[PDB]
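Below is one structure; the comments refer to it alone.
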Amino acid sequence: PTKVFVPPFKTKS
Amino acid sequence: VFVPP
Amino acid sequence: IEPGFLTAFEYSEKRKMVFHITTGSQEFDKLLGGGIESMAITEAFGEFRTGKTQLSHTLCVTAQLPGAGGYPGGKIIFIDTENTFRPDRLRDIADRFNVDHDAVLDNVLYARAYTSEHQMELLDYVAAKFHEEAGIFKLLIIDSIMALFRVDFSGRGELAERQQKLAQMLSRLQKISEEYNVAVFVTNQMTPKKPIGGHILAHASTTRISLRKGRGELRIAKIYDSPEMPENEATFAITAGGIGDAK
Amino acid sequence: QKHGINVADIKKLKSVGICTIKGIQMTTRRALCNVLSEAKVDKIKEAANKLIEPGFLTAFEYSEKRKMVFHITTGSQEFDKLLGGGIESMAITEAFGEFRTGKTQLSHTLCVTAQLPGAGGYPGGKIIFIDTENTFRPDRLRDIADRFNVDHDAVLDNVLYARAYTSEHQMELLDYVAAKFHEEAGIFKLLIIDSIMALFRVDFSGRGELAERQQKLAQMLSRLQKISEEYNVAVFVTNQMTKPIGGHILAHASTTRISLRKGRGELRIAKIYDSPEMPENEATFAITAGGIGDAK
Amino acid sequence: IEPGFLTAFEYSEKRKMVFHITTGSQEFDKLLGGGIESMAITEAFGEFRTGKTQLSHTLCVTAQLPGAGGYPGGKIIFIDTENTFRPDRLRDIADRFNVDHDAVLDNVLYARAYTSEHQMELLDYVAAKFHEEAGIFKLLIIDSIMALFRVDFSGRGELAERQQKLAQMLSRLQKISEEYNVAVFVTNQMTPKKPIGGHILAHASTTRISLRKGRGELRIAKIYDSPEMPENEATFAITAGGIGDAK
Amino acid sequence: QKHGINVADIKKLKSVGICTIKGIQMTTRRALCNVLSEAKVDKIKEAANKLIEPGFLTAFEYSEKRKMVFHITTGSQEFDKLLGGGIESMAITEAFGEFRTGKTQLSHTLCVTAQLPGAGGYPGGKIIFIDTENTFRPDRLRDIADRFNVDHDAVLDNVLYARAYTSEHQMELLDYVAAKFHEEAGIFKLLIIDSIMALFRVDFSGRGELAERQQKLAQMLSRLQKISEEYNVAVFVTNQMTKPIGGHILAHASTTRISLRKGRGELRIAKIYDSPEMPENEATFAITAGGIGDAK
Ligand SMILES: [Cl-]
Ligand SMILES: [Cl-]
Ligand SMILES: [Cl-]
Ligand SMILES: [Cl-]
Ligand SMILES: [Mg+2]
Ligand SMILES: [Mg+2]
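See the structure below:
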C-alpha cells in the first residue's frame, strides 16, 4: 500500500 | 495506421 | 536518449489529475476556474498594501483542506525571499477553517532564499522532496519569484545573465509543476504600474493576477492583460482569517 | 563506391582534374567522354546527383507534387473561402492577434477537422501539436469531436503532443517531427506550433543577443518550410503581437498570414495581413464550445 | 593565368547574339527596347498587388516562343525564394499563346531556395546546366533576388557580411548572363517607396523597372530613377493569359 | 567516512550510479533500498543532510525559532509603538535621513538600551559596533547610561568596537562578528553598522565599477541577513540620502526602513519608508543628552 495525506483536523501527537 | 472516425 | 512524444490520449490522462486550490473566496475562485491550478504557475502582483502575502498565507491552510472535485488536501513548500512568512499568521487562518495549529504548521515546509543561486538550488531540494513523498505535496509557494534576481544582477551589462538564470529557473518550475502535479503560486513586484520580469515571467506564468485596493477594506483581483470586462474581475476581502468574501 | 562505381574507374577522373563531388556534377556529358563511354558517364552522373542533390526538377514534375496539395477546413465555410479551402499543405499559415481572439480555438478545432475526410478527396490524417504556451487541453477536443460526431478516444489517439520549454528544445522537436513523418508516410497531415516565437523572445531577451535569436529563428523557419514541402503537410502556427512579432523573418516564412480580431459581440473577424482594405480579404466567423464555426 | 583583354570587334561579335524576350505587351516591350534583354540583369519591383509574379509567369511561356530578330525560344530556370511559382498559372498563359501545357512545363526547370547560402549554391548548378545544354536555355528568373538576404542577415552588425554575400552573388549573376548569353530577370521588394538592396542591386541591374497600379485594372511600368517623361513609361494589362496590352 | 559510514558501504552506491554528494540526498528512501536495508539508508540520508544542508525545516520548527525574536527599545515609547516594540531581532532595520537628524543618537542610545532588561523577558546583551564614519563616541554613552541609571564602565565593557576603513575591511569584519557571536552564544543581541554603505560609494566611485560595487554590496547584505537570523540578533544600520542610497539591494535586505526628519523645533519624526501617508506609519520623538526619548 501507499502513504495517504491526513488533513489537519485531528490534533497532532 | 490511421483509423478515420 | 529518446525524449519522445506522447499521444493526446496519454496527455488527457495526465490532465484528468489537475486540481484547484481554493483561495478562500468563492468570487476569486470563480475567476480562476476553481482556484490555484496544478500543473501550472499562477503569479499574483500589485502594491505592498494589497493581499499578496495574505493569499500566500491563506493557501498554506486551504491547500491542506479537502476541496471540490475530490481534492484531498496536501503538504506545502514555502520559499521565502522577502522574510515575510509568519507562522503566527497561519494560526488565525487555521482558526477560521477550524483546523489544528500544530498540524497546519507541520504540513508546511519552509526555506529562506538569500541569493538567486540559492533560490535555484532550493528548487533541486523541492523536486527531491516531491519525489520522496509522492502525491503528498500539492502546493509550492515562492514569495517572491524575482526580487533576488533584481538584487544579484543590478547592472545593465549583467542583464543578459539575469535573463538566462531567470528563464532557467522558470522553465524548471514549469517542469516541476507538470511532472509532479503541483500548483505553483508565486508573488511579484511592479515598476505605468507593470509587473517586473518582462516576457520571461509573462510566458512562464499560465495565469497572472493583478491585485489592487477597492472600496475601503475590499480588494479586486483581475486577469492581467485581459480586456476591460466584468467577467475578468472579482471582489474579495482580507480578514484575520485570510482571504475571504465581501460582507 | 557505395552505389557500385568501380575502384579503377573512380581513379581515372582524379588524373584529369576531378577531385571533389561538386566537380563531378558540374562537368558536362560533352566533356566527360574525353578522359570514356556514355554508358559509364551516365552511371557517374547519376550517382553524383544522388549524393549532391542539386534540387532541379521540371515544372511538370513540380506540378505533379502540387497536385497533392490539400486544405484542412477551419470549421467555418466563410473562413475557408478566405483561405481558398482552408489551411493549405506544403505551406506555413500563421495566425496572430490578441489573447481574447480565437488562435487557441482554431488550433484545437484543426486537431479534429484534420482527422475528418474533406473536400477534394482529403482523407484525414494524424496531427503533431508542439505546445510552447501550456495551452493545449485535450478536454477541449472532446467538445469539438462531439460537434463533428466523432469518437473522443480516437481523436485523442491521432494527435501527437510535445511541450517545448526552450527555443533549443523547440528546434530539437522538429528533428523528431521529421522522423515521425518519415516513419508513417502520408499518415500525418498537420503540424501545429502554438506558439512559433514566444520561446525565442524568452531565450534572447537582450539587445546584443538579437543576432543569434534571428539566426536560430531563421534556421527553424527554413527547416519548417522544408518539412511542409517535403512531407506534404499543412503547418499552422500561432503568433503574438506588439503588429505581429518576428519581423521580416516570420513574414517571409509564412505563405499565408491571418490577423484575428474581435467583431460584434461574440463574433470574430479574420483578415489576410498587409492586404488592401477590401471585403474579399476579410471573413466573419464564430467561436463556440464546438470550436470555430459560422455566424448564427 | 592571363585573363586578358578582347578588342571591341570581338566584343561586337559577342553583342550581335544579344536577344530580347517579349513581356507579352507591345507597349512594355517598346519601353525595354524589345523586352527582357540577354547578357544583362533586369529587375522589377513594386507593391505585392502589382504584376511582378504575372511578369515572372508570363516570361516562363514567352521565352519558349520564337520572337523578333530571329529569337528561337528556349528553356527557362526559375529560382523561387517566395513559394509563389504556380505551374497551373502557366497553363492559362500557354492557352493564350496556343502552346501545349506539358511542353511548356517540361521546358521550365525549377528550384526552391530556402537560405541565402542555398540561393548562391543554386547558381553553381545553373551555370553547370547552361554549360550542358549549350544555347538551349535563354532565361534565368529569380523571384525574389533579395528576400533571403534580409532574412539571413537581420542584424545591424551582420550587414557587412550581407553586403559582401549579396555583391558576390550579383557579380556571379552578371557573369552567368554575359558568359552564357541569357536574360536574367529578378523581382525585388520595396521599403518613400524605394527598392531594397541599395547601390549593390542598383549597380548589378542594367535595367530597373518600377511597377505600379494605374486606372482600375491597368498597370504602369517605368524605368527607375529616370526623369519624369512619357517615353520612360508604358501602360499594360494583367489578364488570366498573363501580361498583355490594354483594351 | 567522517561520520562513521563504512568503507565497503560507500563503494556500493558508486556502482549503481551515485558519485556526487547531491545525488545522495536527492535519491529517495523508496529507491535507495534496491541497491539495501532501511537501517543503513537512514544513516546514509542523515550524514548527507549534515554536509549538504538543504535548509528545509517545517513551519512548526520555524515558529519555535521565531518565538525567540525580541525587540530592543529605542528609548521612546512612541517610536517603539511604530516598530512593534523596537529594533527587531532576526532582521535588518535601516534608518536614514539628513546629518542633523538622530541617526547617530539612535545608534548610541541602542548601545545602552540593548544592555537593559526589557519587555517580553528581553534580558539585555552585548553589542558590536562597526564604525565607518568615525562618529562613535564612548563619552556620548556615559550621558545615556546616566539617564538609564546604569554604570559607565559596565556599559562600555559590553560594547565591542571596530573601525572599517575600506569596503573589503567592512566585509572581513563580518567574519569576525560571526565568530564572536558563535563564541559567546546568546550573549550578543545587537550589531550596529554606522554606516552600511558609505565605504561602498567611496571604493567604487566610477560608473564602470558599479557592477562590482553592487555584487560586493549584495554579498555583504545577504551575509548580514544570515547573521541576524542564524544568531538571533537585531541588526541596526544607518544610511545616507541623495531618497536613500543603495537602490533595490538595500531596500530588499532591510526588513524595516525608517526615514528620520526634523519636526517642530527640537522634535524629530520617524516614518516607515515607502508606506502610505497615514498617521499610524509615523511617530514623534525627542533627542536629549540622554539619547532618544519622548516629547515633553
Ligand atoms: Cl503585499
Ligand atoms: Cl480563442
Ligand atoms: Cl507581386
Ligand atoms: Cl543625531
Ligand atoms: Mg516559440
Ligand atoms: Mg559602508
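Chains as they are written, first to last, in full-length UniProt numbering: chain A, 2402 to 2414; chain B, 2405 to 2409; chain C, 81 to 271, 284 to 339; chain D, 28 to 62, 65 to 271, 286 to 339; chain E, 81 to 271, 284 to 339; chain F, 28 to 62, 65 to 271, 286 to 339. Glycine included, each C-beta is placed from N, C-alpha and C at the ideal position.
Limits of the alpha helix (DSSP H) - the one that residue i falls within
i, result
"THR54 (chain D)", "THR54 (chain D) -> no alpha helix (DSSP H), and no H or E assigned at all."
"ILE73 (chain F)", "67 to 81"
"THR142 (chain F)", "132 to 142"
"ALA296 (chain D)", "290 to 296"
"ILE256 (chain C)", "239 to 259"
"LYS110 (chain D)", "106 to 112"
"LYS41 (chain D)", "39 to 43"
"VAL231 (chain D)", "227 to 232"
Interface partners of residue i on chain B, CB under 9 angstroms
i, result
"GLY153 (chain D)", "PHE2406, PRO2408, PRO2409"
Residues near residue i in its chain [Cβ-Cβ closer than 7 angstroms; skip 5 each side]
i, result
"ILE45 (chain D)", "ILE51, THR54"
"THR195 (chain D)", "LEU228, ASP232"
"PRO152 (chain C)", "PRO146"
Within chain D, partners of residue i - CB distance below 8 angstroms
i, result
"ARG129 (chain E)", "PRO319"
"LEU220 (chain E)", "In chain order: nothing, as chain D lies at least about 13 angstroms away."
Chain-ordered chain B contacts of residue i [CB-CB under 7 angstroms]
i, result
"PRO146 (chain D)", "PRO2408"
Contacts of residue i in chain C (Cβ-Cβ under 9 angstroms)
i, result
"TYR190 (chain D)", "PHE85, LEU86, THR87, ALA88, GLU90, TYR91"
"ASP180 (chain D)", "Simply none; closest approach about 11 angstroms."
Own chain, CB closer than 8 angstroms to residue i, minus 5 neighbours either side, in chain order
i, result
"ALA193 (chain E)", "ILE159, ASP160, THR161, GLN199, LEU202, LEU228"
"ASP223 (chain C)", "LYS132, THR133, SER136, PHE158, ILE159, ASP160, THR161, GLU162, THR164, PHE165, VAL266, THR267"
"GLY126 (chain D)", "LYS132, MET270, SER302, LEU303, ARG304"
"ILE330 (chain E)", "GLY131, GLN134, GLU309, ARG311, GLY336"
"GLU213 (chain E)", "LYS155"
Contacts of residue i in chain E (Cβ-Cβ under 8 angstroms)
i, result
"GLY290 (chain D)", "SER234"
"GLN52 (chain D)", "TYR205, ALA208"
Unbroken beta strand (DSSP E) run spanning residue i, endpoints
i, result
"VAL98 (chain D)", "It is not in any beta strand (DSSP E) - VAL98 (chain D) carries neither H nor E in the DSSP assignment."
"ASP160 (chain D)", "155 to 160"
"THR327 (chain C)", "325 to 331"
"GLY126 (chain D)", "120 to 126"
"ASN163 (chain E)", "First-last for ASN163 (chain E): undefined, no H or E at that position."
Sequence-distant residues of the same chain with beta carbon closer than 6 angstroms to residue i, five excluded per side
i, result
"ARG236 (chain C)", "none"
"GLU123 (chain D)", "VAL266, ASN268, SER297, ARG300"
"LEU250 (chain E)", "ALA296"
"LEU59 (chain D)", "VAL70"
"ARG169 (chain F)", "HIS137"
Contact set between residue i and chain D, taken where Cβ atoms lie within less than 9 angstroms
i, result
"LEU139 (chain E)", "By Cβ distance, chain D contributes nothing, its closest Cβ being about 13 angstroms from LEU139 (chain E), past 9 angstroms."
Proximal chain C residues relative to residue i, where beta-carbon distance stays under 8 angstroms
i, result
"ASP186 (chain D)", "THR87, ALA88, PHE89"
"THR55 (chain F)", "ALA208, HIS211, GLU212"
Where residue i meets chain A, residues with beta-carbon distance less than 9 angstroms
i, result
"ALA183 (chain C)", "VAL2407, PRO2408, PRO2409, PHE2410, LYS2411, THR2412, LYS2413"
Which of the residues in the region 309 to 323 of chain F, read from start to end, lie with their CB under 9 angstroms from any CB of chain C?
-> So the close ones are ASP317, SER318, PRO319.
May I have a chain-ordered list of the alpha helix (DSSP H) segments no shorter than 4 residues that lie completely inside the region 167 to 218 of chain E?
-> 167 to 176, 181 to 186, 196 to 212, all fully within the region 167 to 218 of chain E.
What residues in the region 226 to 257 of chain C have a beta carbon less than 7 angstroms from any beta carbon of chain D?
-> Answer set for the region 226 to 257 of chain C: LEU239, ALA240, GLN243, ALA247, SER251, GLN254, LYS255.
Could you please tell me which residues of the region 294 to 307 of chain C, in chain order, have their CB closer than 7 angstroms to any CB of chain D?
-> Residues passing the 7 angstroms Cβ filter: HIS295, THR298.
Check distances from the C-beta atoms of the region 192 to 218 of chain D to those of chain C and list, in chain order, the residues that come in under 9 angstroms.
-> Against chain C - using a Cβ distance shorter than 9 angstroms - the residues of the region 192 to 218 of chain D are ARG192, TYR194, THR195, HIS198, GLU201, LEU202, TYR205, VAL206, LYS209.
Along the region 156 to 175 of chain D, what residues have a CB closer than 9 angstroms to any CB found in chain C?
-> Listed in sequence order: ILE156, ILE157, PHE158, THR161, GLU162, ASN163, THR164, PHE165, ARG166, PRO167, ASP168, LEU170, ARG171.
Select from the region 101 to 127 of chain C all residues with a C-beta closer than 9 angstroms to any C-beta belonging to chain D, and list them in chain order.
-> Contacts with chain D (Cβ-Cβ distance below 9 angstroms) from the region 101 to 127 of chain C involve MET119, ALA120, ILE121, listed in chain order.
What residues from the region 32 to 53 of chain D come within 8 angstroms of chain E, judged by C-beta to C-beta, listed N to C?
-> With the criterion set as a beta carbon lying under 8 angstroms from some beta carbon of chain E, the members of the region 32 to 53 of chain D are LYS49, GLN52, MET53, in sequence order.
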